[PDB]
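Taking the form deposited in one PDB entry, here's one chain by itself in C-alpha cells.
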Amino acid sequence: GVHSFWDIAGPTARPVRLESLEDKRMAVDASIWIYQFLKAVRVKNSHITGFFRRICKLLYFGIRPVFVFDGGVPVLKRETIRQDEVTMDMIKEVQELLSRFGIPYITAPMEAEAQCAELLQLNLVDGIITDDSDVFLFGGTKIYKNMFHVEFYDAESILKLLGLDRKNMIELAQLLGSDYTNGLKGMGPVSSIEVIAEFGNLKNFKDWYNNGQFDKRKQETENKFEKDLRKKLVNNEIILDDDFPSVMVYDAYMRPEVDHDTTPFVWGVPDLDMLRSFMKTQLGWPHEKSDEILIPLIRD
C-alpha cells in the first residue's frame, strides 16, 4: 500500500452496479487473502471458507475472474521493512478450490498488484479487483475496490480531477511512504498534495529546499505557503540528499518484475461433483448445502 493514497483518490471513486460486470474478466488480487482470513476469525479452514464465499460472489455476477498470487519480495520492498503463518498447504487447497471451480490462476514473479497491472495492459483482463493502492503506481487502472463488503477507480479520473499522472503518483508515495520508501516525516495526504501542486516535481521541491538552506537570500521572496513549509520541514529535521527522489523507487514502479506472457486465460466450469466432495471433506459440508449454493451457480 501507499500511505493515505485511497484518501486522496477516494473523491474520484464512482459507484458501479454489480450486475453490469457480467462476462467481464477480472484480475483478482488474492496475494494476502489467506493471511487476512487467518487473522480475522474468532477458526480452522477459514481460508477455504473465505475463498469459497468470495468465489461464489464473483460467479454470482458473471465475473470471469483470474486469480493472482504473490511470488517473491522485491529488494526495495525488503530494506524498507527492516527499518500464525502461510503454509503451502493452505495455498494449494485454495488453488485447488479454484481449479475445481474452473477458475484459472497464476503466481506472479514478484508482487501480485504489479502482475494484475501487466495483464490489464496486455488486454488479458478488463478490470482489476484489489484493495491495494500500489496498483495505481504500477500503471494499473479500472480498479474495483470493496468488492467484498463497490467503488470504481481509474487513472483517467485521477488525472482529470486531481491533476495527478503516473509520475505524480510515484512521487506522492515518496512523500507519503509506501512498501518501497519511508516518506517524509510530516508529509501526509494534505501536505503531499500541496507540495506536488506547488513544486511540480520532487527534484524541483528539493532544490527549493537545499538552495534556500544554503543561501538565506533565496527565501526573501517566499510566500506564506513556502515560509510555513520551510519551518515545518526544518522542525522535522528533513534532509533531502542525492537519492531524493530515488531513481530506484521510480524504476521499481515503472519497470516492476512481471510476466509478459500474452497467452490468454482459459475458463472452465464449476465441477459440482468435485466441489461437493471437497466441501464435505475439508469442512464437513453435507451435499444439500453445497448444491443449494452451487446449482443456481452452474445454471444461473
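Basically, rigid core = biggest C-alpha set you can superpose within 1.5 Å across the two forms. Residue positions are given as counts along the sequence shown, with the first one as 1.
If you look for the form deposited in another entry, you will not find it shown, but the lines that follow are about it.
Put simply, after the core is superposed between this form and the one not shown, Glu226 is the one residue in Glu96, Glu226, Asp126, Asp131 with a Cα shift of at least 2 angstroms. With the core held fixed, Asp215 shows a CA shift of 2 Å or greater between this form and the one not shown.
Residue displacement note: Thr263 has its CA displaced by under 2 Å between this form and the one not shown (rigid core superposed).
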